[PDB]
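Notes for the one structure printed next.
Protein chains: 2
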Amino acid sequence: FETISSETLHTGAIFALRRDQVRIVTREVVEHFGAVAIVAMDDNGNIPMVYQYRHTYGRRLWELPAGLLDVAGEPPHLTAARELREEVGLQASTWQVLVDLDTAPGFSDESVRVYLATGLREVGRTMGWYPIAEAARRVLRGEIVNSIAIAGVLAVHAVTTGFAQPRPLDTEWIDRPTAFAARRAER
Amino acid sequence: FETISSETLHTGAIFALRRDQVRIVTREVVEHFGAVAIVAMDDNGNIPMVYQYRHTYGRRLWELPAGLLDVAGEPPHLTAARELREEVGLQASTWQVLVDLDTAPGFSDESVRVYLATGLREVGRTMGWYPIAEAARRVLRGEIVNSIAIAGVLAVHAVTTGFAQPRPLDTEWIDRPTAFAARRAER
Ligand SMILES: Nc1ncnc2c1ncn2[C@@H]1O[C@H](COP(=O)(O)OP(=O)(O)OC[C@H]2O[C@H](O)[C@H](O)[C@@H]2O)[C@@H](O)[C@H]1O
Ligand SMILES: Nc1ncnc2c1ncn2[C@@H]1O[C@H](COP(=O)(O)OP(=O)(O)OC[C@H]2O[C@H](O)[C@H](O)[C@@H]2O)[C@@H](O)[C@H]1O
Ligand SMILES: [Gd+3]
Ligand SMILES: [Gd+3]
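The listed protein sequences correspond, in order, to chains A and B.
Residues 6 to 28, 34 to 135, 146 to 207, numbered by UniProt numbering, are exactly what the first sequence covers, in order.
Residues 6 to 28, 34 to 135, 146 to 207, numbered by UniProt numbering, are exactly what the second sequence covers, in order.
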């Protein structure tokens, strides 16, 4: 395949719409910052989840703490750690890579890195705590549909059941977005 | 929350970009057809997966057979069944709902229904067959990143391990997209 020509159709707050001419057909791409989410598992196998309104669906969805990689030059896990604190007031001693997911492969370059945070300390001074198994059943029951949450919950469930292991922070993030950030549309 | 006003910024082949004024801030939404995917498990616990090029990432990703709900008035599972046949030349006697996922909750209304198809017959006249456990490990190892694939693979893995059950075809698909189709931008 080959990109013949590409044209910017729109630049917004968190993404830009671009149209390319490929190998020869049209291919519209939503350039995204990319994001990070966190599965913060405590000493008893519970993780915190937030109930957030999503205008796209016109309703609140249960999700993992998460934020966009909108801070230029900021390392992903630093962004992640920041969100875990701001989102659920937790700090973690151990940070590992749990699962990366390409959210909308058909039309956007967004990719999300989900970290597994352990060794939690409540710091600072809607969300709910769920036993990992309870969370896994909510997924398989349709009560958790956010794609990042689904991946993170079922991944940590596979880990907690001894089926798989978390990974090193230096694990390559193959599809981490760069296009939108490269635009630097900020005065 | 409340949508003050909404403006169409772009209408493309598979999606439209719309900007709303919410409750008061800007909220850009990518209206999508929605899609369906299939986890076709054979009698030995294997499922077929396709290796497809995704321009968004500039590379091929391992995925579950899937297609957009771009056929007006066509029932999702009929679309699904059609794709399973066209994509991997398989027909299934049993169709159930496995997992629904909201792909990019932050900027698009797309939602994808993943069905579990069983009782397979090879019909007609790149893809590969994977034991469900092999597929689950590929996910946790980063070799499967497509979000729909991640959800489907780990969901059927939870099913095959006896942790959860498939669901009836009449299960409500809460976030099934309707906006883009409603536009009917076809002469
Ligand atoms: N469609 C949009 N249009 C304009 N602004 C938006 C839009 N969507 C979100 N924003 C905004 O960006 C800011 C949200 O930042 P974060 O809290 O860092 O991230 P978040 O929206 O929760 O997304 C993290 C991740 O989860 C979602 O599943 C989303 O798809 C993304 O990958 C919001 O306060 C608001 O300015
Ligand atoms: N960004 C795009 N711009 C223009 N046309 C596109 C674009 N992306 C895909 N298409 C096209 O739509 C048709 C593909 O249809 P399907 O095979 O029905 O579906 P598919 O693209 O594989 O997507 C199914 C699902 O998987 C992906 O993860 C995608 O995010 C979606 O939910 C392609 O042949 C081509 O016309
Ligand atoms: Gd935030
Ligand atoms: Gd097709």
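C-beta: ideal position from N, C-alpha, C; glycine also.
Close Cβ partners of residue i (< 8 Å) along its chain, the five nearest in sequence each way excluded
| i | result |
| --- | --- |
| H15(B) | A21, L22 |
| residue 32(B) | As shown, the structure holds no coordinates for residue 32(B); chain B passes over it, running from 28 to 34. |
| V27(B) | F6, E7, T8, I9 |
| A114(B) | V40, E120 |
| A205(A) | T16, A21 |
| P197(B) | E41, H42, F43, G44, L79, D119, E120, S121 |
beta-carbon residue i near ligand 3 non-hydrogen atom, thresh 7 Å
| i | result |
| --- | --- |
| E93(A) | yes |
| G129(B) | no |
| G77(A) | yes |
Own chain residues within Cβ distance below 6 Å of residue i, not counting five before or after
| i | result |
| --- | --- |
| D195(A) | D112, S121 |
| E73(B) | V60, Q62, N166, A169 |
| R131(A) | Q101 |
| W149(B) | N56, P58 |
| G134(A) | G99 |
| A153(B) | none |
| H177(A) | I152, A156 |
| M147(A) | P58, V60, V98 |
| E12(B) | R24 |
| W193(A) | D110, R123 |
Residue i CB to nearest heavy atom of ligand 2 below 7 Å
| i | result |
| --- | --- |
| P115(A) | yes |
| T66(A) | no |
| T36(A) | yes |
| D80(B) | yes |
| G148(B) | no |
| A18(B) | yes |
| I168(B) | yes |
| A90(A) | no |
| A50(B) | no |
With 16 other Cβ atoms within 10 Å as the buried cut-off, status of residue i
| i | result |
| --- | --- |
| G116(A) | buried |
| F6(B) | exposed |
| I34(B) | exposed |
| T66(B) | buried |
| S118(A) | buried |
| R37(B) | buried |
| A156(B) | buried |
| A202(A) | exposed |
| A18(B) | exposed |
| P85(A) | exposed |
Helix, strand or coil at residue i according to DSSP, with G and I counted as helix
| i | result |
| --- | --- |
| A21(B) | strand |
| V60(B) | strand |
| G55(A) | coil |
| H177(A) | helix |
| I34(B) | coil |
| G182(B) | coil |
| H65(A) | coil |
| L160(A) | coil |
| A76(B) | strand |
| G172(B) | helix |
| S167(A) | helix |
| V81(B) | coil |
| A153(A) | helix |
| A201(A) | helix |
| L108(A) | strand |
| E120(A) | coil |
| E93(A) | helix |
| residue 136(B) | Because chain B is numbered from 135 directly to 146, the model contains no atoms for residue 136(B). |
| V40(B) | strand |
| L189(B) | coil |
| residue 29(A) | Not modelled: residue 29(A), which lies between 28 and 34, the two residues flanking a gap in chain A. |
Beta-carbon proximity list for residue i, same chain, < 7 Å, skipping 5 on both sides
| i | result |
| --- | --- |
| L71(B) | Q62, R64, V165, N166 |
| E97(A) | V60, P75 |
| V159(A) | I170, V173, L174 |
| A47(A) | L74, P75, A76, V122, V124, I168, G172 |
Contact test: residue i Cβ vs ligand 1 heavy atom, cutoff 7 Å
| i | result |
| --- | --- |
| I164(B) | no |
| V124(B) | no |
| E120(A) | yes |
| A45(A) | yes |
| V39(B) | yes |
Contact set between residue i and chain C, taken where Cβ atoms lie within less than 9 Å
| i | result |
| --- | --- |
| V39(A) | The structure shown has no chain C; the protein chains it does contain are A and B. |
### Message
Assess contact between the segment 97–107 of chain B and the segment 180–193 of chain B, defined as three or more Cβ pairs (one per stretch) separated by less than 8 Å. Is contact present?
### Response
yes
### Task
Determine contact between the segment 36–48 of chain B and the segment 79–88 of chain B, defined as no fewer than three beta-carbon pairs at a distance below 8 Å.
Output reads yes: the segment 79–88 of chain B touches the segment 36–48 of chain B.
### Three-pair Cβ contact test at 8 Å for the segment 89–104 of chain B versus the segment 122–135 of chain B
yes
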